[PDB]
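**Student:**
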Amino acid sequence: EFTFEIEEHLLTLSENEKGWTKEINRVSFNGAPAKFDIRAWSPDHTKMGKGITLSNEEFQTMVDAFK
DNA sequence: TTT
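Start counting the first sequence at 11; every next residue gets the next number (the entry's author numbering).
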């Protein structure tokens with residue numbers, strides 16, 4: 011019905027009292043090619059939090075715009 | 001705290 015795989019870890023932005031982390035990763039959803047993904051994760055990364063997926067073009071637009 |  012839905013699958014995910016963290017293909018590459020890029021950056022951790024913060025971690026909270028319960029060990030969950032806000033991360034920028036490259037994530038493959040439903041076997042698609044990996045996309046940038048900014049999201050909260052459980053300590054062992056087996057539970058997903060709320061977040062956003064960005065295409066390469068969307069992520070490059072953001073990076074170009076703020077630095 | 002699930003695309």
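Just so it is clear, CB atoms sit at the ideal spot from N, CA and C, and this is done for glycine as well.
Tell me which residues share the same chain as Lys60 and place their Cβ nearer than 8 Å to its Cβ, disregarding the 5 neighbours each side in the sequence.
**Tutor:** Sequence-distant Cβ neighbours of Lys60 in its own chain, meaning closer than 8 Å and more than five residues away, are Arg49, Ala50.
**Student:** On the CB-based measure, 16 or more other CB atoms within 10 Å of its CB, does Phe46 come out buried or exposed?
**Tutor:** buried
**Student:** The beta strand (DSSP E) with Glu11 in it runs from where to where?
**Tutor:** Premise fails: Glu11 is in no beta strand (DSSP E) and is neither H nor E.
**Student:** Report the partner residues of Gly61 according to the DSSP bridge assignment.
**Tutor:** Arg49
**Student:** Have a look at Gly41, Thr56, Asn35 and flag the residue whose alpha-carbon is nearest the alpha-carbon of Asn66.
**Tutor:** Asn35
**Student:** Below 8 Å between beta carbons: does that hold for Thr63 and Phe39?
**Tutor:** yes
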